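First the structure, in the form of structure tokens, and then the observations on it.
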Amino acid sequence: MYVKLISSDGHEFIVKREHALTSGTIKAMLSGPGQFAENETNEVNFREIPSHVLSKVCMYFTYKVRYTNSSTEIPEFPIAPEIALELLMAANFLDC
Amino acid sequence: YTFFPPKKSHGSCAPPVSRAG
Amino acid sequence: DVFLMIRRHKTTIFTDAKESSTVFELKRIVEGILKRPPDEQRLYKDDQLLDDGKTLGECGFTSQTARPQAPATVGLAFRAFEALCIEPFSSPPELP
Amino acid sequence: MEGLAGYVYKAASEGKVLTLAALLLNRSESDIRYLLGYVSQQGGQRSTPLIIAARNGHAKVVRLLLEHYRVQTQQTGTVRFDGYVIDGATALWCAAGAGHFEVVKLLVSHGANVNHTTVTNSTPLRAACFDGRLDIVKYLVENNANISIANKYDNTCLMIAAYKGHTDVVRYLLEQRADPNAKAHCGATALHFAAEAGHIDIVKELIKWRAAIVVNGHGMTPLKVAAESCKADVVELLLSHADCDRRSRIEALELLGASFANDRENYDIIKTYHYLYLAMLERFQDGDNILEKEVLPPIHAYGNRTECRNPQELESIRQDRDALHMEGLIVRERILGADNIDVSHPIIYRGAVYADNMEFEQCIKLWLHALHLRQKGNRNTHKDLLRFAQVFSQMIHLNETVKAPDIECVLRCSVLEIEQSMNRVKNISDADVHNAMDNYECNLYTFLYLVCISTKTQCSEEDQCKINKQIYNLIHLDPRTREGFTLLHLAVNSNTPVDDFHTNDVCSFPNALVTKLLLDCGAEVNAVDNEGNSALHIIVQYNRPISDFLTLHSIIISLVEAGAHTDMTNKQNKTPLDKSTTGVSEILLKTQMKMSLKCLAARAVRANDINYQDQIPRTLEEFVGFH
Amino acid sequence: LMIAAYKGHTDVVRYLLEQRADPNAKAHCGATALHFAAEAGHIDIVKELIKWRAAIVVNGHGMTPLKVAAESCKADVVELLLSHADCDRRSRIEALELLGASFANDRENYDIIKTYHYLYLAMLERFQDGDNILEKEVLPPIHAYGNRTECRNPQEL
């Protein structure tokens with residue numbers, strides 16, 4: 001029911017399954033030999049990206065769940081300049 | 001004949017359109 | 001429809017709270033997702049204790065404050081309650 | 001100075017001596033020599049003040065310039081303004097081409113340049129023969145100048161005098177015992193040029209000098225050329241050359257009658273029938289050693305006729321004009337083969353007449369056969385494809401059905417011709433690159449018009465699949481215009497030109513059906529131009545969002561569904577949201593905006609100006625490039 | 001000027017306005033020489049009058065020249081009047097809605113896809129700001145047109 005996202009620093013980022021199913025490679029990681037059909041952890045590993053990009057990806061997942069058809073005035077997503085060029089590579093690796 | 005209303009010109013004949021208006 | 005973020009020292013939860021709702025619902029869902037009793041769980045938000053189920057608005061967050069772009073950090077306290085020992089995420093690298 | 005050069009050019013243009021003398025003195029030597037030895041760029045063409053003095057016949061001012069100075073006539077200049085404007089010619093060349101004998105004689109008297117060689121090595125004798133003045137030619141010949149100068153295609157002065165109406169120039173040229181058997185690049189030994197404009201006196205003069213008969217490169221005798229030009233007098237003169245035989249007489253009469261059957265200026269069906277009956281009578285005149293007409297296989301395009309092997313079938317079609325014209329086309333194709341340059345020009349004229357008489361399907365077949373013949377000949381058939389698009393749009397505008405196999409055939413032929421046009425453009429560097437690119441763009445526009453017509457025709461599923469295959473084949477070569485415009489860009493742009501003919505009524509750009517068909521055929525939706533604009537960049541710049549909102553909505557839906565990026569940037573770093581210049585287009589694009597984290601991340605990276613090189617995946621570097 | 005605007009002879013009306021005619025020529029019915037042009041779909045005559053600044057004023061029937069242009073299904077003059085730079089938003093929503101309505105039921109112009117697309121554009125332009133949403137005021141349902149209550153949402157449209 002909930003998807004447990006870990007990072008290189010071991011921070012858990014448990015979000016909803018429907019929130020995390022937008023990213024294609026997240027779906028790929030959940031599929032394969034990683035179903036764990038007891039809806040308690042559904043954990044996946046991330047041994048290459050730090051925790052802040054996971055925080056931004058989770059906030060983007062909630063962002064996309066909330067704002068996907070709500071009128072046309074999509075709010076401005078906050079992207080720090082320092083965390084840029086890291087969320088981009090993460091998004092490409094997540095196919096988000 | 002049929003039922004087709006010839007009133008589309010009547011909606012435009014209310015403006016003064018003629019040889020004189 | 002206000003988006004909330006609940007953070008321990010390592011884990012992080014992303015949940016949505018209805019505007020015409022109370023704190024009891026979010027306490028129930030965090031109890032279900034973390035298998036901990038509601039009395040053990042404490043909402044040490046902004047270094048301040050909170051009640052059980054009276055009102056969402058008085059707790060310190062509104063729809064505009066706890067936006068889905070960046071929901072407010074809520075610290076979870078458990079009985080030995082624990083202090084606000086929320087470990088920060090890794091610092092992003094400096095600009096080139 | 002350039003201003004002083006303009007001043008002395010204006011002084012020499014009016015033929016004033018004192019004004020030019022006051023503007024060519026009281027100075028040093030170097031500036032004066034530069035003034036008298038340079039061209040002036042007037043109206044996009046550079047020209048010497050001596051050129052504009054000789055053009056107006058201002059002999060006094062140039063004569064006093066020659067007296068008071070040492071100006072030479074060897075200055076490089078143009079030839080004329082009659083569609084040539086090529087430089088390299090001397091001042092004596094334009095002086096002889098200006099029809100003024102006195103300026104030529106004074107230029108000869110001081111530094112004669114009768115043997116000037118330009119890029120086309122055209123002597124001033126060429127310009128004198130083009131002008132058609134006997135005295136200038138006589139003086140230039142008396143000035144010890146060769147009359148046997150042949151250009152890259154052997155443009156002998158006798159040939160160009162025979163082409164023109166100047167019988168005096170060509171008779172003076174042949175009076176000096178010049179060679180009449182001068183081979184050209186195409187094999188035309190000055191009789192094909194003579195018997196093309198119907199110059200009876202020039203042809204008589206060359207026959208008097210015994211120019212002889214030789215088949216040129218295109219497999220045509222000079223008598224056959226005379227029969228091709230609808231000139232009966234030169235044919236009648238050449239038939240009395242005493243060396244013609246029976247084979248080249250009836251065929252010459254048949255060729256003349258066929259030319260008279262379908263021509264613009266000379267269209268006489270009664271003369272055509274009389275010549276054909278005369279040829280048939282000359283064939284069947286003895287009964288022994290009969291010269292039967294060779295029978296080519298029947299052609300679907302020319303109806304279903306099987307020539308005229310008898311006088312009876314020729315007589316029975318006297319009152320039936322279209323059968324006579326088809327017979328003329330058949331015999332012209334039989335005589336001239338499938339390799340003549342003007343083999344399809346009567347077919348083009350007949351097709352234009354048929355379209356003007358609302359006879360379309362036969363016109364379509366005739367023009368299809370003409371296009372096939374021209375593609376066999378490997379020529380520039382852009383005008384033929386333009387006529388195809390025009391007649392197809394006329395048929396559509398007249399609510400007349402169009403044969404889908406015909407559309408597929410003309411589309412495939414246009415695709416092949418576009419392929420050879422691309423090959424020519426790649427081959428041509430700077431000789432006629434502008435003309436080649438103009439024909440390239442015209443071919444692209446005609447293909448777009450054909451696609452637009454095809455979208456408005458009910459076609460079979462197999463025919464539609466074949467048309468889509470042809471479009472797929474054209475797209476997978478990626479044609480581009482001058483400003484980087486792909487075919488999709490032309491189908492999306494509102495500034496794509498539309499021809500003034502019936503194409504205006506039917507082919508309207510931007511067209512939603514054309515873009516939908518291109519994207520269903522697998523067009524590159526993310527292709528950028530030289531300016532970086534995508535198809536989505538051009539479609540928002542459309543300035544009529546409400547008049548044809550159906551077109552705009554369908555084309556934006558098709559572009560987004562095909563996979564265009566609703567966030568990419570041009571060379572000016574402008575999002576199509578920002579380059580929308582229209583509320584309606586902005587709102588449609590925002591509604592169709594499928595947001596992604598990668599797009600937001602790349603846009604924030606580009607906005608804050610972080611050096612992304614050597615820190616990202618290579619495929620992501622392009623993503624930063626346009627997002 | 002009024003009849004010349006109504007007729008297709010753009011040369012005559014262009015000559016009249018070039019001869020310093022009256023741009024705000026009121027009629028008995030209130031049509032100020034722009035409705036006659038924007039009733040027959042003469043885009044060039046409307047362009048000429050806007051060049052001469054004929055000005056927009058409500059006629060007797062409570063209609064702008066833009067309203068008449070939308071009524072007569074003539075979309076191009078509707079666009080040109082919307083590009084007048086003095087129109088506000090509410091006029092744009094109502095003009096697009098009226099254009100779709102006129103395209104829904106007319107003799108010469110009957111294209112239901114145009115009606116759906118224009119109403120969709122009107123709804124999207126109406127619900128563009130997200131906040132400060134311009135909810136449609138709806139008359140109560142009338143038994144004649146079935147029992148529908150318009151389309152207050154893009155989803156029901």
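Within each chain, counting starts at residue 1; across the structure tokens, chains are named A, B, ... in the order shown, with ligands numbered 1 upward in that order.
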**Message:** Show me, as a ChimeraX atom specification, the residues of chain D whose atoms get within 10 Å of chain C, using only C-alpha atoms for the distance check.
**Reply:** /D:610-612
**Request:** Output as a PyMOL selection string the set of chain D residues within 8 Å of chain A, with distances taken over only C-alpha atoms.
**Result:** chain D and resi 590-591+596-598+600-602+604-605+608+610+612+616-617+620
Output C-alpha atoms of each residue in that selection to a file, as a CSV table (one decimal), in the first residue's frame.
chain,number,residue,atom,x,y,z
D,590,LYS,CA,-1.3,24.8,-21.3
D,591,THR,CA,-4.2,22.4,-21.4
D,596,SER,CA,7.4,16.1,-16.2
D,597,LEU,CA,10.1,16.4,-13.5
D,598,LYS,CA,12.8,16.3,-16.1
D,600,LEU,CA,11.2,21.4,-14.7
D,601,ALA,CA,14.6,20.4,-13.5
D,602,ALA,CA,16.2,21.2,-16.9
D,604,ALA,CA,15.6,25.4,-13.6
D,605,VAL,CA,19.1,24.4,-14.5
D,608,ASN,CA,20.1,29.6,-13.1
D,610,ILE,CA,24.9,26.2,-14.1
D,612,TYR,CA,26.2,21.4,-17.2
D,616,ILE,CA,25.5,14.9,-17.1
D,617,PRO,CA,24.7,12.0,-19.4
D,620,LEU,CA,20.6,14.4,-21.2
**Message:** Which residues are near residue 373 (chain D)? Cut-off 8 Å, only C-alpha atoms, ignore same chain within fewer than 5 positions. Put them as a ChimeraX atom specification.
**Reply:** /D:338-339,344
Create the file for the chosen residues now, containing N, CA, C and O atoms and written as a PDB file, in the first residue's frame.
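Result file result.pdb:
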ATOM      1  N   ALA D 338      11.403   8.754 -77.095  1.00  0.00           N
ATOM      2  CA  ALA D 338      11.124   9.121 -75.713  1.00  0.00           C
ATOM      3  C   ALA D 338      12.315   9.845 -75.097  1.00  0.00           C
ATOM      4  O   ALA D 338      12.652   9.646 -73.928  1.00  0.00           O
ATOM      5  N   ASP D 339      12.974  10.693 -75.887  1.00  0.00           N
ATOM      6  CA  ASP D 339      14.171  11.376 -75.425  1.00  0.00           C
ATOM      7  C   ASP D 339      14.281  12.825 -75.878  1.00  0.00           C
ATOM      8  O   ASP D 339      15.297  13.463 -75.585  1.00  0.00           O
ATOM      9  N   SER D 344       7.122  16.650 -74.700  1.00  0.00           N
ATOM     10  CA  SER D 344       5.938  16.757 -73.862  1.00  0.00           C
ATOM     11  C   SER D 344       5.298  18.136 -73.884  1.00  0.00           C
ATOM     12  O   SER D 344       4.214  18.301 -73.314  1.00  0.00           O
TER      13      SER D 344
END
**Residue nearest residue 21 (chain A) among A:45, A:53, A:1, A:8 (counting only C-alpha atoms)** =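 Under the stated criterion, the closest residue is A:1.
Selected on chain E by distance to chain D: residues 74, 75, 76, 77, 78, 79, 80, 82, 83, 96, 99, 113, 114, 116, 117, 118, 120, 121, 122, 124, 125, 127 and 128 of chain E (within 10 Å, counting only C-alpha atoms).
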Kindly export the residues of the current selection with N, CA and C atoms, as a JSON list (two decimals), in the first residue's frame.
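Now in part39.json:
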[["chain", "number", "residue", "atom", "x", "y", "z"],
["E", 74, "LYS", "N", -20.17, 34.61, -37.94],
["E", 74, "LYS", "CA", -18.99, 35.07, -38.67],
["E", 74, "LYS", "C", -17.84, 35.17, -37.68],
["E", 75, "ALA", "N", -16.95, 34.18, -37.71],
["E", 75, "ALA", "CA", -15.91, 34.07, -36.70],
["E", 75, "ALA", "C", -14.77, 35.06, -36.91],
["E", 76, "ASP", "N", -14.42, 35.36, -38.16],
["E", 76, "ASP", "CA", -13.25, 36.19, -38.43],
["E", 76, "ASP", "C", -13.44, 37.62, -37.93],
["E", 77, "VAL", "N", -14.63, 38.19, -38.13],
["E", 77, "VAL", "CA", -14.88, 39.52, -37.59],
["E", 77, "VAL", "C", -14.94, 39.48, -36.07],
["E", 78, "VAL", "N", -15.37, 38.35, -35.49],
["E", 78, "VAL", "CA", -15.33, 38.19, -34.04],
["E", 78, "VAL", "C", -13.89, 38.25, -33.54],
["E", 79, "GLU", "N", -12.99, 37.57, -34.24],
["E", 79, "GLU", "CA", -11.57, 37.64, -33.90],
["E", 79, "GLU", "C", -11.04, 39.06, -34.01],
["E", 80, "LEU", "N", -11.37, 39.74, -35.11],
["E", 80, "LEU", "CA", -10.85, 41.09, -35.32],
["E", 80, "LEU", "C", -11.36, 42.05, -34.25],
["E", 82, "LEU", "N", -12.21, 41.11, -31.23],
["E", 82, "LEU", "CA", -11.54, 40.73, -30.00],
["E", 82, "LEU", "C", -10.12, 41.27, -29.94],
["E", 83, "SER", "N", -9.48, 41.48, -31.09],
["E", 83, "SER", "CA", -8.13, 42.03, -31.13],
["E", 83, "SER", "C", -8.12, 43.55, -31.08],
["E", 96, "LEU", "N", -17.20, 34.21, -27.34],
["E", 96, "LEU", "CA", -16.89, 32.86, -27.78],
["E", 96, "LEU", "C", -18.08, 31.93, -27.56],
["E", 99, "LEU", "N", -20.61, 32.64, -30.21],
["E", 99, "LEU", "CA", -20.17, 32.09, -31.49],
["E", 99, "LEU", "C", -20.44, 30.59, -31.57],
["E", 113, "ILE", "N", -18.90, 20.27, -34.66],
["E", 113, "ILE", "CA", -17.54, 20.22, -34.14],
["E", 113, "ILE", "C", -17.03, 21.62, -33.82],
["E", 114, "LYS", "N", -17.43, 22.61, -34.63],
["E", 114, "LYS", "CA", -17.09, 23.99, -34.31],
["E", 114, "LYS", "C", -17.74, 24.42, -33.00],
["E", 116, "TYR", "N", -18.61, 22.47, -30.43],
["E", 116, "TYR", "CA", -17.94, 21.82, -29.32],
["E", 116, "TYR", "C", -16.58, 22.45, -29.05],
["E", 117, "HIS", "N", -15.81, 22.73, -30.10],
["E", 117, "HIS", "CA", -14.48, 23.29, -29.91],
["E", 117, "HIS", "C", -14.53, 24.71, -29.37],
["E", 118, "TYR", "N", -15.46, 25.53, -29.87],
["E", 118, "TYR", "CA", -15.58, 26.90, -29.38],
["E", 118, "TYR", "C", -16.08, 26.93, -27.94],
["E", 120, "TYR", "N", -15.56, 24.53, -25.79],
["E", 120, "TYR", "CA", -14.42, 24.05, -25.01],
["E", 120, "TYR", "C", -13.41, 25.16, -24.78],
["E", 121, "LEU", "N", -13.13, 25.96, -25.82],
["E", 121, "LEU", "CA", -12.21, 27.08, -25.66],
["E", 121, "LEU", "C", -12.77, 28.12, -24.71],
["E", 122, "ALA", "N", -14.08, 28.37, -24.78],
["E", 122, "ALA", "CA", -14.70, 29.32, -23.86],
["E", 122, "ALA", "C", -14.60, 28.83, -22.42],
["E", 124, "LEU", "N", -12.35, 26.69, -21.17],
["E", 124, "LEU", "CA", -10.96, 26.69, -20.74],
["E", 124, "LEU", "C", -10.46, 28.11, -20.46],
["E", 125, "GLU", "N", -10.82, 29.07, -21.32],
["E", 125, "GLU", "CA", -10.47, 30.46, -21.06],
["E", 125, "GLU", "C", -11.14, 30.96, -19.80],
["E", 127, "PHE", "N", -12.06, 29.04, -17.15],
["E", 127, "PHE", "CA", -11.35, 28.40, -16.05],
["E", 127, "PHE", "C", -9.84, 28.39, -16.29],
["E", 128, "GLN", "N", -9.28, 29.57, -16.58],
["E", 128, "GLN", "CA", -7.85, 29.68, -16.83],
["E", 128, "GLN", "C", -7.08, 30.10, -15.59]]
Residues of chain E that have any atom at most 12 Å from an atom of chain B: could you tabulate them with the shortest-distance atom pair and the distance in Å to one decimal, using only C-alpha atoms, ordered by chain and increasing number, as a Markdown table?
| residue | atom | partner | partner_atom | distance |
| --- | --- | --- | --- | --- |
| E:1 | CA | B:21 | CA | 11.7 |
| E:2 | CA | B:16 | CA | 9.0 |
| E:3 | CA | B:17 | CA | 6.8 |
| E:4 | CA | B:17 | CA | 10.2 |
| E:5 | CA | B:17 | CA | 10.8 |
| E:6 | CA | B:17 | CA | 7.8 |
| E:7 | CA | B:17 | CA | 9.1 |
| E:27 | CA | B:16 | CA | 9.0 |
| E:28 | CA | B:16 | CA | 8.8 |
| E:29 | CA | B:15 | CA | 7.0 |
| E:30 | CA | B:15 | CA | 9.4 |
| E:31 | CA | B:15 | CA | 7.9 |
| E:32 | CA | B:15 | CA | 11.1 |
| E:33 | CA | B:15 | CA | 10.6 |
| E:34 | CA | B:15 | CA | 11.9 |
| E:35 | CA | B:15 | CA | 9.0 |
| E:36 | CA | B:15 | CA | 7.7 |
| E:37 | CA | B:15 | CA | 11.4 |
| E:38 | CA | B:12 | CA | 11.4 |
| E:39 | CA | B:12 | CA | 7.8 |
| E:40 | CA | B:12 | CA | 9.2 |
| E:59 | CA | B:15 | CA | 11.5 |
| E:60 | CA | B:15 | CA | 11.3 |
| E:61 | CA | B:14 | CA | 11.2 |
| E:68 | CA | B:12 | CA | 10.4 |
| E:71 | CA | B:11 | CA | 10.3 |
| E:72 | CA | B:12 | CA | 9.2 |
| E:73 | CA | B:8 | CA | 11.8 |
| E:102 | CA | B:8 | CA | 11.8 |
| E:105 | CA | B:8 | CA | 11.1 |
| E:106 | CA | B:8 | CA | 8.1 |
| E:107 | CA | B:8 | CA | 7.6 |
| E:108 | CA | B:8 | CA | 9.1 |
| E:109 | CA | B:8 | CA | 11.3 |
Just write the chosen residues, N, CA and C atoms, as a short mmCIF file (atom, residue, chain, number, x, y, z; two decimals), in the first residue's frame.
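Full text of out.cif as output:
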data_model
loop_
_atom_site.label_atom_id
_atom_site.label_comp_id
_atom_site.auth_asym_id
_atom_site.auth_seq_id
_atom_site.Cartn_x
_atom_site.Cartn_y
_atom_site.Cartn_z
N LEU E 1 -22.86 55.11 -45.85
CA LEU E 1 -21.83 54.34 -45.17
C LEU E 1 -22.38 53.04 -44.62
N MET E 2 -23.59 53.09 -44.04
CA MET E 2 -24.17 51.90 -43.43
C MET E 2 -24.49 50.83 -44.46
N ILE E 3 -25.14 51.22 -45.56
CA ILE E 3 -25.48 50.25 -46.60
C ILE E 3 -24.22 49.75 -47.30
N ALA E 4 -23.23 50.64 -47.49
CA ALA E 4 -21.97 50.22 -48.10
C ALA E 4 -21.24 49.22 -47.22
N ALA E 5 -21.31 49.40 -45.90
CA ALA E 5 -20.76 48.40 -44.98
C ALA E 5 -21.55 47.10 -45.06
N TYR E 6 -22.88 47.20 -45.18
CA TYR E 6 -23.69 45.99 -45.33
C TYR E 6 -23.39 45.29 -46.65
N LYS E 7 -23.24 46.05 -47.73
CA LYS E 7 -22.94 45.44 -49.02
C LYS E 7 -21.47 45.06 -49.09
N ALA E 27 -27.90 54.85 -36.24
CA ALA E 27 -29.07 54.56 -37.05
C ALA E 27 -30.32 54.61 -36.19
N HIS E 28 -31.47 54.42 -36.83
CA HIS E 28 -32.73 54.35 -36.10
C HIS E 28 -32.76 53.13 -35.18
N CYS E 29 -32.23 52.00 -35.64
CA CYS E 29 -32.18 50.79 -34.85
C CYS E 29 -30.97 50.73 -33.92
N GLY E 30 -30.11 51.74 -33.95
CA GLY E 30 -28.95 51.79 -33.09
C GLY E 30 -27.68 51.19 -33.66
N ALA E 31 -27.73 50.63 -34.87
CA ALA E 31 -26.55 50.03 -35.48
C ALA E 31 -25.63 51.13 -35.99
N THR E 32 -24.46 51.26 -35.38
CA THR E 32 -23.54 52.36 -35.68
C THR E 32 -22.53 51.96 -36.75
N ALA E 33 -23.06 51.51 -37.89
CA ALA E 33 -22.32 51.27 -39.13
C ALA E 33 -21.29 50.15 -39.02
N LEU E 34 -21.15 49.56 -37.84
CA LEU E 34 -20.30 48.39 -37.65
C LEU E 34 -21.07 47.09 -37.67
N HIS E 35 -22.35 47.12 -37.31
CA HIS E 35 -23.15 45.90 -37.32
C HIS E 35 -23.49 45.48 -38.74
N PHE E 36 -23.70 46.46 -39.63
CA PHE E 36 -23.98 46.15 -41.03
C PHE E 36 -22.79 45.44 -41.68
N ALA E 37 -21.58 45.90 -41.38
CA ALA E 37 -20.39 45.19 -41.84
C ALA E 37 -20.24 43.85 -41.13
N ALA E 38 -20.43 43.84 -39.81
CA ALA E 38 -20.32 42.62 -39.02
C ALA E 38 -21.67 41.93 -38.89
N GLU E 39 -22.37 41.80 -40.01
CA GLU E 39 -23.53 40.93 -40.11
C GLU E 39 -23.38 40.06 -41.35
N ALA E 40 -22.70 40.59 -42.37
CA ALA E 40 -22.48 39.87 -43.62
C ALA E 40 -21.08 39.28 -43.71
N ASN E 59 -25.89 48.76 -29.40
CA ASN E 59 -27.01 49.20 -30.22
C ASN E 59 -28.30 49.14 -29.41
N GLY E 60 -29.43 49.29 -30.11
CA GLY E 60 -30.72 49.32 -29.42
C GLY E 60 -31.09 48.00 -28.78
N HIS E 61 -30.72 46.89 -29.42
CA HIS E 61 -31.12 45.57 -28.94
C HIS E 61 -30.25 45.06 -27.79
N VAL E 68 -23.26 41.01 -32.50
CA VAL E 68 -23.91 40.73 -33.78
C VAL E 68 -23.02 39.83 -34.63
N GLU E 71 -23.39 36.46 -33.39
CA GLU E 71 -24.71 35.93 -33.73
C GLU E 71 -24.76 35.42 -35.16
N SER E 72 -24.16 36.15 -36.09
CA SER E 72 -24.22 35.77 -37.50
C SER E 72 -23.21 34.69 -37.88
N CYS E 73 -22.64 34.00 -36.89
CA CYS E 73 -21.69 32.90 -37.04
C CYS E 73 -20.36 33.32 -37.67
N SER E 102 -24.26 30.13 -31.96
CA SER E 102 -24.72 30.41 -33.30
C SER E 102 -24.31 29.31 -34.27
N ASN E 105 -26.81 26.05 -34.25
CA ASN E 105 -28.07 26.00 -34.97
C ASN E 105 -28.15 27.18 -35.93
N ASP E 106 -27.86 26.93 -37.20
CA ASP E 106 -28.03 27.93 -38.25
C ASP E 106 -28.13 27.20 -39.58
N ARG E 107 -28.65 27.90 -40.58
CA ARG E 107 -28.85 27.28 -41.89
C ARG E 107 -27.55 27.20 -42.67
N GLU E 108 -26.90 28.34 -42.89
CA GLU E 108 -25.69 28.36 -43.70
C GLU E 108 -24.51 27.73 -42.97
N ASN E 109 -24.35 28.05 -41.70
CA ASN E 109 -23.23 27.55 -40.90
C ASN E 109 -23.78 26.55 -39.89
#
